[PDB]
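Have a look at the structure below before the remarks.
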Amino acid sequence: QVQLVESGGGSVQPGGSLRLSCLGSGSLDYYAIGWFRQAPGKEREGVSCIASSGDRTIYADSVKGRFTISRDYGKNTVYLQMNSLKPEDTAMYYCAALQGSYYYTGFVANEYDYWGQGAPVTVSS
Amino acid sequence: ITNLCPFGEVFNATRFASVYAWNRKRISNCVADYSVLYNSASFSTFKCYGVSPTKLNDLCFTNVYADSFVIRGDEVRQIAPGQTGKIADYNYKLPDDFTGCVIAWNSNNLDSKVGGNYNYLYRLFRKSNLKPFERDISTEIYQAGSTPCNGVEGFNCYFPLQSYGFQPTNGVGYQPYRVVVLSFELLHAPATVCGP
Ligand SMILES: *[C@@H]1O[C@H](CO)[C@@H](O)[C@H](O)[C@H]1NC(C)=O
């Protein structure tokens with residue numbers, strides 16, 4: 001019962017930063033929002049997730065201290081702040097919403113009901 | 001009423017029902033702590049219809065039905081008003097006007113076995129869709145073709161139930177999920193079930 005609109009992708013050099021934006025058509029208040037990434041050939045990978053409660057977050061090991069997830073309930077958007085970018089980060093990035101318990105987080109794509117259109121991220125070696 | 005609703009019995013039952021044979025527990029004359037369910041990291045699905053999950057402890061109901069069963073991860077989305085698919089059509093059907101909460105969580109470590117758990121069944125064939133809350137536990141040979149079966153399995157004469165084959169190495173879409181559906185009933189009568 002929601003649509004997600006992403007924005008903020010682009011090209012950068014190693015050590016550059018990008019800011020992704022996931023805007024909900026309807027209220028995202030009850031939803032946990034996940035960021036997944038897909039590189040051609042490689043499997044889809046969970047990057048980050050924030051619970052409905054906004055104070056539980058998880059991260060893939062490789063992005064800790066590089067990527068920060070945040071959400072603005074007022075603006076009904078979730079953000080991925082992507083610093084210290086590396087060639088391994090090159091991929092299509094998708095935000096996704098699920099409706100679980102207040103503190104639930106996860107990287108199980110099948111548990112997510114709604115998917116954004118996908119934002120391009122290229123880190124240029 | 002100082003009876004604390006036995007949600008432990010529903011959620012932490014060692015055994016869960018097959019979806020075709022879904023279990024209904026009547027919750028009556030009781031206090032419901034919903035907050036300990038919602039205010040947790042336990043549940044990958046927690047969807048309420050006609051009611052808000054933050055407000056559940058403020059609410060009073062005539063009665064509460066708790067339906068429970070196991071299905072595949074991919075099928076949890078069928079446990080909602082207006083859904084089609086083998087589960088919604090042939091196993092467990094919510095009404096369009098559903099008022100309640102659908103709660104599910106991954107049960108791979110309980111309901112999957114190396115070599116496969118075949119205990120959990122779903123109905124694969126039926127002449128027509130279930131009405132809401134219809135329970136069909138019949139095991140009549142399903143006539144697919146124009147020749148009658150007369151209880152003999154054969155070509156176009158099928159046992160109507162099939163096993164999930166839950167293995168712990170399955171893709172998460174094919175892993176078992178435990179499901180609890182809470183129906184909140186309101187009618188001209190004393191509301192028996194109330195938050196603290
Ligand atoms: C089920 O068991 C767990 C683990 O002991 C417990 O923390 C939880 O509160 C129980 N759930 C309910 C609804 O009683």
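Identifiers in the structure tokens: chain A, B, ... in order shown; residue index from 1 per chain; ligand index from 1 in order shown.
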Contact set, chain B to chain A: 12 Å, only C-alpha atoms, as a count of residues only: 39
Write out as a PDB file with N, CA, C and O atoms, in the first residue's frame each polymer residue whose atoms come within 8 Å of residue A:123, counting only C-alpha atoms; drop sequence neighbours fewer than 6 positions from it.
```
ATOM      1  N   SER A  11      28.004   9.226 -10.627  1.00  0.00           N
ATOM      2  CA  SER A  11      29.422   8.788 -10.718  1.00  0.00           C
ATOM      3  C   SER A  11      30.228   9.561  -9.675  1.00  0.00           C
ATOM      4  O   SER A  11      29.841  10.715  -9.363  1.00  0.00           O
ATOM      5  N   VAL A  12      31.283   8.940  -9.147  1.00  0.00           N
ATOM      6  CA  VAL A  12      32.286   9.609  -8.269  1.00  0.00           C
ATOM      7  C   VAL A  12      33.597   8.836  -8.359  1.00  0.00           C
ATOM      8  O   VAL A  12      33.585   7.678  -8.833  1.00  0.00           O
ATOM      9  N   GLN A  13      34.670   9.458  -7.878  1.00  0.00           N
ATOM     10  CA  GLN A  13      35.999   8.818  -7.711  1.00  0.00           C
ATOM     11  C   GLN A  13      36.068   8.165  -6.335  1.00  0.00           C
ATOM     12  O   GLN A  13      35.314   8.547  -5.435  1.00  0.00           O
ATOM     13  N   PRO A  14      36.950   7.154  -6.143  1.00  0.00           N
ATOM     14  CA  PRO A  14      37.235   6.617  -4.813  1.00  0.00           C
ATOM     15  C   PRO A  14      37.347   7.727  -3.759  1.00  0.00           C
ATOM     16  O   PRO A  14      37.851   8.793  -4.071  1.00  0.00           O
ATOM     17  N   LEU A  85      33.593   5.892  -0.636  1.00  0.00           N
ATOM     18  CA  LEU A  85      33.103   4.977  -1.696  1.00  0.00           C
ATOM     19  C   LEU A  85      34.294   4.301  -2.387  1.00  0.00           C
ATOM     20  O   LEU A  85      35.371   4.915  -2.459  1.00  0.00           O
ATOM     21  N   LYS A  86      34.092   3.072  -2.866  1.00  0.00           N
ATOM     22  CA  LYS A  86      35.141   2.209  -3.465  1.00  0.00           C
ATOM     23  C   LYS A  86      34.562   1.517  -4.693  1.00  0.00           C
ATOM     24  O   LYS A  86      33.352   1.337  -4.777  1.00  0.00           O
ATOM     25  N   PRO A  87      35.398   1.040  -5.641  1.00  0.00           N
ATOM     26  CA  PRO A  87      34.891   0.350  -6.825  1.00  0.00           C
ATOM     27  C   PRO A  87      33.902  -0.788  -6.507  1.00  0.00           C
ATOM     28  O   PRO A  87      33.009  -0.962  -7.309  1.00  0.00           O
ATOM     29  N   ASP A  89      31.570  -0.897  -4.531  1.00  0.00           N
ATOM     30  CA  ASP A  89      30.250  -0.272  -4.255  1.00  0.00           C
ATOM     31  C   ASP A  89      29.469  -0.057  -5.566  1.00  0.00           C
ATOM     32  O   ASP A  89      28.237   0.129  -5.494  1.00  0.00           O
ATOM     33  N   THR A  90      30.137  -0.093  -6.722  1.00  0.00           N
ATOM     34  CA  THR A  90      29.494   0.099  -8.046  1.00  0.00           C
ATOM     35  C   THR A  90      28.304  -0.868  -8.146  1.00  0.00           C
ATOM     36  O   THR A  90      28.545  -2.080  -8.040  1.00  0.00           O
TER      37      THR A  90
END
```
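Residues in contact with ligand 1 (atom pairs separated by at most 8 Å; only C-alpha atoms and all ligand atoms) are residues 6, 7, 8, 9, 10, 11, 12, 36 and 37 of chain B.
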Next, dump the selected residues to file, keeping only N, CA and C atoms, as an mmCIF file, in the first residue's frame.
```
data_model
loop_
_atom_site.group_PDB
_atom_site.id
_atom_site.type_symbol
_atom_site.label_atom_id
_atom_site.label_comp_id
_atom_site.auth_asym_id
_atom_site.auth_seq_id
_atom_site.Cartn_x
_atom_site.Cartn_y
_atom_site.Cartn_z
ATOM 1 N N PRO B 6 -3.317 -15.624 27.152
ATOM 2 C CA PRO B 6 -2.346 -16.698 26.930
ATOM 3 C C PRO B 6 -1.866 -16.681 25.472
ATOM 4 N N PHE B 7 -1.189 -15.594 25.105
ATOM 5 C CA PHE B 7 -0.585 -15.394 23.767
ATOM 6 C C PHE B 7 0.675 -16.251 23.673
ATOM 7 N N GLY B 8 1.314 -16.556 24.806
ATOM 8 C CA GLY B 8 2.443 -17.503 24.888
ATOM 9 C C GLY B 8 2.079 -18.831 24.254
ATOM 10 N N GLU B 9 0.886 -19.338 24.569
ATOM 11 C CA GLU B 9 0.376 -20.652 24.091
ATOM 12 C C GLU B 9 0.247 -20.626 22.578
ATOM 13 N N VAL B 10 -0.161 -19.497 22.019
ATOM 14 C CA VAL B 10 -0.370 -19.386 20.551
ATOM 15 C C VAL B 10 1.000 -19.251 19.886
ATOM 16 N N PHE B 11 1.796 -18.268 20.309
ATOM 17 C CA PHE B 11 3.059 -17.859 19.635
ATOM 18 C C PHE B 11 4.201 -18.866 19.862
ATOM 19 N N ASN B 12 4.254 -19.522 21.015
ATOM 20 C CA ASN B 12 5.392 -20.376 21.457
ATOM 21 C C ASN B 12 4.944 -21.837 21.559
ATOM 22 N N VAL B 36 3.824 -6.187 23.925
ATOM 23 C CA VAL B 36 5.013 -7.091 24.061
ATOM 24 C C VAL B 36 5.241 -7.840 22.740
ATOM 25 N N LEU B 37 4.235 -7.901 21.863
ATOM 26 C CA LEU B 37 4.349 -8.542 20.525
ATOM 27 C C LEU B 37 4.887 -7.504 19.532
#
```
*asked:* Give me, as an NGL selection string, all polymer residues having an atom no more than 8 Å from residue A:79, counting only C-alpha atoms and skipping those fewer than 5 positions away in the same chain.
replied: :A and (19-22 or 69-71)
Practice item. Pick out the residues sitting within 7 Å of residue A:82, and hand them over as a PyMOL selection string; count only C-alpha atoms, and ignore anything fewer than 3 positions along from it in its own chain. Key: chain A and resi 17-19+66-68+85
Grab the residues selected above and save them as a PDB file, in the first residue's frame with C-alpha atoms.
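Once written, out_35.pdb looks like this:
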```pdb
ATOM      1  CA  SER A  17      30.430  10.574  -1.130  1.00  0.00           C
ATOM      2  CA  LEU A  18      26.788  10.207  -2.418  1.00  0.00           C
ATOM      3  CA  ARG A  19      23.398  10.636  -0.635  1.00  0.00           C
ATOM      4  CA  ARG A  66      31.248   4.250   5.375  1.00  0.00           C
ATOM      5  CA  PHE A  67      27.402   4.153   4.979  1.00  0.00           C
ATOM      6  CA  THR A  68      24.903   5.680   7.473  1.00  0.00           C
ATOM      7  CA  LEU A  85      33.103   4.977  -1.696  1.00  0.00           C
TER       8      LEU A  85
END
```
Can you tell me, as a list in words, what residues are no more than 9 Å from residue B:147 when counting only C-alpha atoms, ignoring any on the same chain fewer than 2 positions away? residues 143, 144, 145, 149, 156 and 157 of chain B
Requested in this report: Work out how far atom CA of residue B:178 is from atom CA of residue B:110, in Å to one decimal.
Outcome: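 Between these atoms lies a distance of 9.6 Å.
Checking B:169, B:56, B:13, B:66 one by one against residue B:25, counting only C-alpha atoms, you find the shortest gap at B:66.
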Self-check item: Residue list (helix (DSSP H, G or I), DSSP) for stretch 59-158 of chain B, as number ranges by chain
Solution: B: 73-78, 86-90, 108-111
Write out as a ChimeraX atom specification all residues of chain A that backbone DSSP assigns to strand (DSSP E or B).
/A:4-7,10-12,18-24,32-38,45-50,57-59,67-72,77-82,91-98,114-115,119-123
